[PDB]
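In the order they appear, the protein sequences are chains H, F and G. First residue of the first sequence: 1, per the deposited numbering; consecutive thereafter. For the second sequence, the positions run 1 to 189, 191 to 255 when the deposited numbering is used. First residue of the third sequence: 1, per the deposited numbering; consecutive thereafter. From the three backbone atoms N, C-alpha and C, an ideal C-beta is built for every residue, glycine too. Single-structure report; data block below.
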Amino acid sequence: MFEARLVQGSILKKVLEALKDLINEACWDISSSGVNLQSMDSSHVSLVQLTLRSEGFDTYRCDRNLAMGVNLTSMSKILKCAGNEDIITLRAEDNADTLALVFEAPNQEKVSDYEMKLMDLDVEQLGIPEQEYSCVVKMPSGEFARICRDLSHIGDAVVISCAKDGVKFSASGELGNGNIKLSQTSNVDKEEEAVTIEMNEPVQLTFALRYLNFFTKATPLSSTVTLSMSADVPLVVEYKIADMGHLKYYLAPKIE
Amino acid sequence: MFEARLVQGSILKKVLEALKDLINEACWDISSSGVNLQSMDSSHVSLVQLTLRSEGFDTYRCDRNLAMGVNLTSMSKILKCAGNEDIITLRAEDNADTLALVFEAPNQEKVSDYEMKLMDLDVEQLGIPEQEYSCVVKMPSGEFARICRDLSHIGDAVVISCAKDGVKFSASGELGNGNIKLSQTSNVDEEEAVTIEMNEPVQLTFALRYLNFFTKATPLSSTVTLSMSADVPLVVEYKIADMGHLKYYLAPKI
Amino acid sequence: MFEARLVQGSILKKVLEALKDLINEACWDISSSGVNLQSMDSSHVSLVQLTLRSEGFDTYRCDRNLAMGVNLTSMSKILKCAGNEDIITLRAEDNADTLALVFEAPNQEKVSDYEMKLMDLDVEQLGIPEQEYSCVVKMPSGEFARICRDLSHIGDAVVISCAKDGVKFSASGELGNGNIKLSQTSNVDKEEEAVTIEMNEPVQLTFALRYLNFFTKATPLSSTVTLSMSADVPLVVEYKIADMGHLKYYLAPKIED
């Protein structure tokens with residue numbers, strides 16, 4: 001059966017808090033090679049895709065494929081009961097329609113057991129057309145969160161622009177317009193703190209800001225975020241979950 | 001006249017921060033032994049009783065056994081106006097219906113006064129039967145509040161069970177079921194060590210709403226004591242800092 | 001063109017979160033001497049006067065005396081986009097319709113240039129004369145903020161009595177009564193917390209607590225607040241700025257019978 005031991009359940013909790021408000025319910029596709037979760041929000045504008053490889057877990061055992069359509073809100077409500085440093089064991093019996101979340105303690109006298117009731121979800125795996133992006137900005141996740149949360153105060157549409165000497169996020173609204181421009185750092189004191197712009201052609205796109213703000217709730221997962229995009233192709237916000245996988249949000253451009 | 005000077009006045013604040021949501025209006029029974037407060041909740045379900053000994057306050061004087069009727073909401077509102085390191089003096093009069101509590105600041109020359117209107121409430125208090133509970137469970141109040149708040153996200157009723165080497169909280173609801181087992185610390189770190198005294202097994206079901214109401218007294222004492230005798234209103238007891246104790250009695254549901 | 005670069009950026013932030021709830025839209029009078037702002041509350045009960053001298057700005061350049069109306073809520077919403085370490089550069093053309101605020105991060109390549117939209121304000125400068133107040137109480141700001149926030153729980157009117165021995169705030173509400181007497185402090189080491197009551201005649205006034213709580217929103221500006229007060233003239237709550245100017249709040253007394 002599905003028996004996975006995660007040493008630090010903070011990763012799982014942060015993942016659930018990153019997916020909680022974008023998508024209500026998702027189909028965790030468990031396999032012998034890892035865990036996947038590909039689903040698009042209720043408005044069909046953005047598509048979140050999570051992958052957690054097997055080697056990131058301590059003892060990941062899966063003999064048969066599973067599709068556990070968990071309710072993400074309830075799953076996060078259960079995950080909240082776990083501690084910050086707890087070892088989390090996910091156990092899905094061969095076929096039981098319940099997922100056992102076992103929150104052990106950091107080698108202490110507390111063990112918590114929860115049996116989250118699954119629900120049957122009509123699995124659908126839409127094809128993600130592999131594509132080559134013209135601009136790849138790599139920036140500290142704090143800066144992107146700040147930029148989106150700031151320009152959200154002005155307008156609801158961010159115009160992202162990739163030149164060669166720096167990327168600029170513009171926005172406009174009733175109270176004026178404002179544009180934040182970042183230049184690529186040359187003396188990277190910390191490889192985290194750098195802003196690296198792999199540019200192959202200057203691009204300019206427009207995106208909604210509700211969805212970028214929904215994306216930036218995954219900032220505790222990784223320090224660096226990768227904004228990869230090209231013309232007439234949904235932007236790709238990528239957060240690398242350290243040595244165990246990634247969390248990748250796709251967002252379709254805005255009309256006009 | 002009742003005149004009571006208390007050095008660590010913040011204590012009083014926390015006390016009313018644990019009752020203002022259970023008990024709208026109470027009757028402080030004041031005597032030379034100290035302060036007492038006994039009541040049912042606002043819906044006559046669970047009981048609360050508070051004892052503060054006269055040896056706890058810095059100075060105490062009570063020339064006659066009086067029944068000060070106080071609206072706990074307004075008194076908590078007033079006590080919010082008292083700094084943390086303040087000196088509260090509840091200079092009540094002999095019979096006037098204006099309790100007079102002064103917030104002295106230490107060497108800050110911020111003498112503050114407050115004259116709170118009393119209530120002419122004379123409601124009688126039922127005698128609290130005292131029995132030898134056989135489910136003694138001393139556990140850190142932080143962890144107990146954690147457990148209650150956690151199980152509150154699953155269901156409305158908690159099933160508490162005790163065994164010679166542990167205590168199991170359980171709950172159920174449409175989101176699933178949850179079980180927190182907690183075993184007695186086997187001589188593993191006297192300060193936060195959980196301890197269980199059981200002569201027989203016991204298992205009950207309590208409404209989590211009132212358990213969450215009780216947990217608000219967590220800042221009072223770091224360690225809470227639980228007691229449950231099969232058909233006996235469970236008691237949770239927080240020991241105030243060598244001044245008295247606060248106790249909630251919760252009737253198990255059937 | 002008016003261009004003013006200020007390295008201590010946080011000041012602006014704080015000032016705007018000091019006014020944005022008392023005043024809704026104001027008229028910044030920029031001149032070669034500095035920036036002034038006289039603005040009356042919408043209910044004609046409270047007035048605010050801000051002054052930022054040009055010698056406090058790291059770089060100041062004003063050619064013609066501007067008078068730009070701004071929507072202090074929009075300006076606060078724009079300034080909330082600046083970190084507490086940014087260098088803030090205000091810039092406006094001869095008679096432009098917009099005000100460009102450039103927040104430059106101190107040690108990064110992040111430069112954010114917003115462009116606020118001014119409004120049309122036709123305000124008249126009230127003439128406030130230099131007075132010699134009867135009672136001047138210089139106390140720590142946090143102290144006054146605590147006093148007002150505490151008395152707001154009791155009742156919605158504070159009676160300030162400035163006697164000889166010390167000031168005394170009082171309030172009475174449906175749940176009781178309270179009064180904080182505040183005695184003058186001694187010549188003890190720290191200077192900021194030394195209460196200093198200089199009085200000439202014992203005065204007693206009655207003020208609204210809503211506006212006093214609006215005043216205390218400027219406590220992060222400075223550590224010492226100065227309450228000037230005389231008979232039948234508005235209370236003057238003054239907060240200095242860090243050697244740049246000041247921010248005074250005039251509150252008018254209640255109606256006495």
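About 6 Å separates the beta carbon of G/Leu221 from that of G/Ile241, a gap short enough to meet the 8 Å contact definition. Counting only runs of at least 4 residues, the stretch 24-105 of chain G fully encloses the following alpha helix (DSSP H) elements, listed from N- to C-terminal order: 72-79.
For F/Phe2, DSSP assigns no beta-bridge partner whatsoever. Less than 8 Å divides the Cβ of H/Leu251 from the Cβ of H/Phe207.
For F/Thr185, the secondary structure class from DSSP, reduced to helix, strand or coil, is coil. Of all residues in the stretch 47-69 of chain F, none places a beta-carbon less than 7 Å from a beta-carbon of chain G. Below the 9 Å Cβ cutoff, chain F contributes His153, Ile154, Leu175, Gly176 and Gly178 as neighbours of H/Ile78, in chain order. Residues of chain G with a Cβ closer than 8 Å to the Cβ of F/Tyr114 are, in chain order, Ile154, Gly176, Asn177 and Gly178. Within chain F, the residues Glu109 have their CB atoms less than 7 Å from the CB of G/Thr185, given in chain order.
Rounded to the nearest whole angstrom, the C-alpha separation of G/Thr59 and G/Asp86 is 15 Å. G/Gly178 counts as buried, since at least 16 other C-beta atoms from the protein chains shown sit within 10 angstroms of its C-beta.
H/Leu182 reaches chain G at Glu109 and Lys110, counting residues in chain order whose Cβ is nearer than 7 Å. Secondary structure of G/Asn107 (DSSP, three-state): coil. Beta-bridge partners assigned by DSSP to H/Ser152: none are found. Out of H/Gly245, H/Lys254, H/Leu22 and H/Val233, the CA that lies nearest to the CA of H/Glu130 is found in H/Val233. In the three-state reduction of the DSSP assignment, G/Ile147 falls in the helix class, which pools H, G and I.
Here G/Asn65 is not near G/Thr51, since their CB atoms are 8 Å or more apart. By the 16-neighbour rule on beta-carbons within 10 angstroms, H/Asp29 is buried.
Assigned with DSSP and collapsed to three states, G/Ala194 falls in coil, not helix or strand.
When C-beta distances to chain G are compared with 7 Å, the residues of the stretch 77-101 of chain F below that value are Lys77, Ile78, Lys80 and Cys81, in chain order. Listed as beta-bridge partners of H/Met229 by DSSP are H/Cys135.
Annotation: F/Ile11 is outside any beta strand (DSSP E); the continuous alpha helix (DSSP H) that includes it extends over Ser10 to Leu19. The closest CA to that of G/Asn71, considering only G/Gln108, G/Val48, G/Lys20 and G/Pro106, is found on G/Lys20. Residue state for F/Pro140 is assigned as strand, using DSSP reduced to three classes.
Put simply, the CB of G/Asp165 is far from chain F, with every gap to its CB atoms at 8 Å or more. Listed along chain F, the residues sitting closer than 8 Å to H/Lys117 by beta-carbon distance are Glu174, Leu175 and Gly176. Per DSSP, H/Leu247 is one residue of the beta strand (DSSP E) stretching across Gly245 to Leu251.
At least one CB atom of chain G sits nearer than 8 Å to the CB of F/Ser74. Just measuring C-alpha positions, the residue of G/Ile11, G/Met40, G/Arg5 and G/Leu12 sitting nearest G/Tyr211 is G/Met40. G/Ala242 carries a coil assignment under DSSP once its states are collapsed to helix, strand and coil. Taking each of H/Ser134, H/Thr98 and H/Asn107 in turn and checking the Cα distance to H/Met119, the smallest one comes out for H/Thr98. Using a 10 angstroms sphere on the CB of H/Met75, the tally of other CB atoms reaches 16 or more, which defines it as buried. Here the alpha carbons of F/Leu175 and H/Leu90 stand approximately 16 Å from one another. With fewer than 16 other Cβ atoms from the protein chains shown falling within 10 Å of its own Cβ, G/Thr196 counts as exposed.
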